[PDB]
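Here's the structure we're looking at; comments come further down.
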Amino acid sequence: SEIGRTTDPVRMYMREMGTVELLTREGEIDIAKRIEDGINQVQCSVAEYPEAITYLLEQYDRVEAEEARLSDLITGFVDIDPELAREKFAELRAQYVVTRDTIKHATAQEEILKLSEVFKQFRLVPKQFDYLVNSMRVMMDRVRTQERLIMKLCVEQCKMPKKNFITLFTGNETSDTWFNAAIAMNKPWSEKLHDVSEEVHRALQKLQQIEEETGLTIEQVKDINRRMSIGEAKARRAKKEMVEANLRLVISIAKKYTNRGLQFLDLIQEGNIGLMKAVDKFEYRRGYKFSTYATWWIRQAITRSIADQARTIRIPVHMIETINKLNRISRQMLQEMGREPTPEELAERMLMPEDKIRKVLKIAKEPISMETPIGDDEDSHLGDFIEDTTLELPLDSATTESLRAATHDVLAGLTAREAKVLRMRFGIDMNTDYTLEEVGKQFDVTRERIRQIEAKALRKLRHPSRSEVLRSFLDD
Amino acid sequence: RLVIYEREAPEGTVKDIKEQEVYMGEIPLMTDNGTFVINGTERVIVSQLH
Amino acid sequence: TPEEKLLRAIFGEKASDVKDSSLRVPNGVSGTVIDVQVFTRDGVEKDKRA
Amino acid sequence: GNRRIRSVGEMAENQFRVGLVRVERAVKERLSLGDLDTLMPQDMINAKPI
Amino acid sequence: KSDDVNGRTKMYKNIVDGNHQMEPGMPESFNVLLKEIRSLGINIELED
DNA sequence: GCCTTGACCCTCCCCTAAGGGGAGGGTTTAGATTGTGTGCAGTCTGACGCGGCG
């Protein structure tokens with residue numbers, strides 16, 4: 001189509017963004033219903049893992065003795081007072097204790113779905129719900145890379161048929177009777193394989209703890225993890241359908257922030273991040289349109305990024321808000337008084353001390369480019385008028401070397417002991433100076449004798465016999 | 001003058017008028033010799049030939 | 001420096017905590033002061049000359 | 001006959017009118033809000049762009 | 001006379017010593033240039 | 001002169017009780033709003049190279 005005719009990233013963004021038609025009032029409701037359907041689907045899948053609801057039950061047991069409050073674990077109930085939640089946790093507890101004692105296998109496979117759809121009633125907070133899902137995630141991910149290294153324990157031995165190797169591995173999972181038929185195959189590969197049949201043992205039996213740790217076996221929670229992925233990827237592509245359809249809301253908001261130190265695309269990217277938060281935190285059951293909430297989050301993200309990354313030397317958000325308040329107060333006083341308000345009267349229009357306002361006024365200036373043309377000459381820039389102030393003048397370098405030579409003369413006009421006491425007492429010809437105790441430990445002498453030595457040496461160097469070379473280094 | 005019309009009216013008849021004198025800017029003044037004192041230095045704005 | 005430390009421990013003429021930042025006549029300029037103007041920010045006390 | 005003297009009072013008016021459109025886009029943006037009954041015209045004029 | 005930062009002070013103290021001899025190094029602006037080309041993702045070097 | 005030696009002495013860092021004050025960081029804001037606009041610059045010519053394009 002129009003592809004290839006522009007390189008501007010903002011034209012490309014707008015062109016690619018406009019291919020998504022907006023949502024109606026009932027479109028947002030459908031998409032939010034799909035999102036919550038995905039998250040309750042992953043809820044009802046993880047309810048198949050019973051240690052999850054035991055964790056939530058012992059969390060309520062923590063709420064029993066005020067380890068937490070109720071608002072931290074449950075945000076509501078669909079089918080907020082502590083009145084209902086007591087019988088709610090009784091409902092989940094009664095289902096758990098009736099599901100515990102049953103071991104069978106079609107007899108014990110409806111009780112789990114009863115558990116899941118009694119647990120569906122809980123509108124969990126993101127904290128606990130995230131905790132359970134990433135917990136079961138890391139559990140089967142470690143045992144799953146364990147299964148994957150059981151497979152690639154054959155690749156170190158040989159290259160092997162996996163399509164013949166998948167028919168064996170599943171379902172026994174407590175023994176090597178699936179591995180016993182591998183030598184009934186006896187193609188060359190399955191020679192090498194069996195010699196590592198010992199170092200697979202500690203792998204192939206250790207998931208046998210989880211075979212009784214969750215109460216389930218690995219193929220059941222395998223399908224549970226698969227339906228977990230289906231549910232969360234269902235919610236993820238539904239949040240994406242609500243983010244992509246409100247990308248013009250971001251632009252309508254972000255055009256109001258344009259020249260405040262950020263490029264247009266920086267603003268709409270930060271607004272996009274805020275919009276993704278707004279989608280994550282939207283409740284359609286409040287009966288409000290998506291624009292009313294999403295505007296709050298988009299405004300937050302955009303103004304926060306302007307506060308953070310629009311200035312070269314960054315000032316905090318508290319000082320950003322103080323500067324904004326000062327500028328608004330000042331443009332009101334300028335309109336009233338008909339002139340610029342002096343910081344003294346600006347200190348009574350605001351209610352801050354006057355030197356605080358003076359330093360706030362000193363803060364706000366932005367650094368000048370060192371390439372600004374001076375007088376718009378464009379052959380003379382600001383940066384070539386800036387001198388290096390850290391250098392020392394070569395007259396001062398010549399003076400320092402002359403002073404070193406003079407000090408060497410004067411200190412050679414002393415005895416070795418006094419010259420050593422002075423060369424250690426100050427840092428002369430050394431990398432460090434020393435205390436009286438360190439110089440005394442160098443001479444196995446207590447500190448006051450070193451002090452006396454150094455005093456008499458300073459007395460000698462003060463004389464008119466040795467000090468006319470040195471006194472010339474003190475400017476009169 | 002800020003004129004506020006009405007909500008339902010065949011013309012949008014005046015609901016209110018708020019008339020006041022707003023300060024907008026300071027404009028520099030040519031001295032009696034054709035110069036401007038801008039930041040204390042005297043500047044001449046040169047005629048352009050376009 | 002260590003040597004400047006010794007030089008000042010000999011004669012005792014201590015360093016000053018202020019640095020001379022005076023305004024001086026540029027080199028080769030020779031003239032008469034004909035006017036002095038002192039501008040003080042409001043809040044700074046004026047010296048005898050202001 | 002094809003070149004024209006544009007002079008101080010015309011360039012200054014051009015710049016003033018640029019400042020005026022800068023302020024009038026903002027006062028169009030502010031007039032379409034719903035606080036419309038209790039604001040005076042000097043509460044929606046920004047002298048600093050002009 | 002211009003860029004050598006270690007050579008300009010040696011030249012100063014050499015003139016004051018009465019020894020009109022230079023110990024020239026690399027101009028500092030050449031080092032600035034090398035660092036401004038290496039910041040372009042281009043490895044410019046000095047082969048010993 | 002070479003040392004010691006106990007007695008002083010200085011500066012500096014941290015501590016007191018019960019909070020005050022501020023800096024600098026996090027967080028949520030639920031009527032509903034859903035495509036950037038400068039009243040921009042555009043105004044430099046000539047040589048050269050390369051690539052769509054008939």
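Residue numbers start from 1 in every chain, and the chains themselves are labelled A, B, ... in the order their sequence lines are given, proteins ahead of strands. For the numbers below, each heavy atom of this structure counts, side chains included, while hydrogens, waters and symmetry mates do not.
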Next item on the list: Go along nucleotides 36-41 of chain F 5' to 3' and tag each nucleotide: B for a protein heavy atom under 4.0 Å from its base, S when only backbone or sugar atoms are that close, - otherwise.
Entry: BSSB--

Item checked: Nucleotide-resolved protein contact map, nucleotides 27-33 of chain F, B/S/- at heavy-atom distance under 4.0 Å -> BBBBSBB

Pairing donors with acceptors under 3.5 angstrom, does anything connect the side chains of [X] and [Y]?
{"X": "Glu366(A)", "Y": "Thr312(A)", "answer": "yes"}
{"X": "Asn272(A)", "Y": "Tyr13(A)", "answer": "yes"}
{"X": "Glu270(A)", "Y": "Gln309(A)", "answer": "yes"}
{"X": "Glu36(A)", "Y": "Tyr284(A)", "answer": "yes"}

Mind telling me the pucker class of [N], north or south, from the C1'-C2'-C3'-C4' torsion?
{"N": "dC8(F)", "value": "south"}
{"N": "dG25(F)", "value": "north"}
{"N": "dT11(F)", "value": "south"}
{"N": "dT33(F)", "value": "south"}

Margin query: Among residues at least two apart in sequence or on other chains, which ones pass salt bridge (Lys or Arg N to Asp or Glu O under 4.0 Å) with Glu344(A)?
Written below: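 Residues passing salt bridge (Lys or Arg N to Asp or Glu O under 4.0 Å) with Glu344(A): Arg358(A).
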
Notebook entry, point to check: Is the phosphate of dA23(F), meaning OP1 or OP2, less than 4.0 Å from a side-chain N or O of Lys356(A)?
Noted result: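 For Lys356(A), the contact criterion (side-chain N or O under 4.0 Å from OP1 or OP2 of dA23(F)) is met.
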
Checklist line | Pairwise P distance, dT36(F) and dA32(F) [rounded to whole Å] | finding: 23 Å

Item checked: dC48(F) versus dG52(F) - spacing of their P atoms, nearest Å ->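 One P to the other, the span is 22 Å.
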
Check whether [X] reaches the backbone of [Y] with its side chain - one donor and one acceptor, N or O, closer than 3.5 Å.
{"X": "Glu345(A)", "Y": "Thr342(A)", "result": "yes"}
{"X": "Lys18(B)", "Y": "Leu39(D)", "result": "yes"}
{"X": "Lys33(A)", "Y": "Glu28(A)", "result": "no"}

Note to self: Regarding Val250(A), tell me which of base, sugar-phosphate or nothing describes its non-hydrogen contacts under 4.0 Å with the strands shown.
What the structure shows: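 The answer is nothing, as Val250(A) stays clear of every strand by at least 4.0 Å.
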
Next item on the list: For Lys456(A), answer base if it contacts any base atom (sugar-phosphate contacts may also be present), sugar-phosphate if it contacts only those atoms, and nothing otherwise; contact means non-hydrogen atoms under 4.0 Å.
Entry: sugar-phosphate

Check: Think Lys88(A) forms a cation-pi with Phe77(A), using NZ or CZ under 6.0 Å from the six-ring centre and within 45 degrees of its axis?
Finding: yes

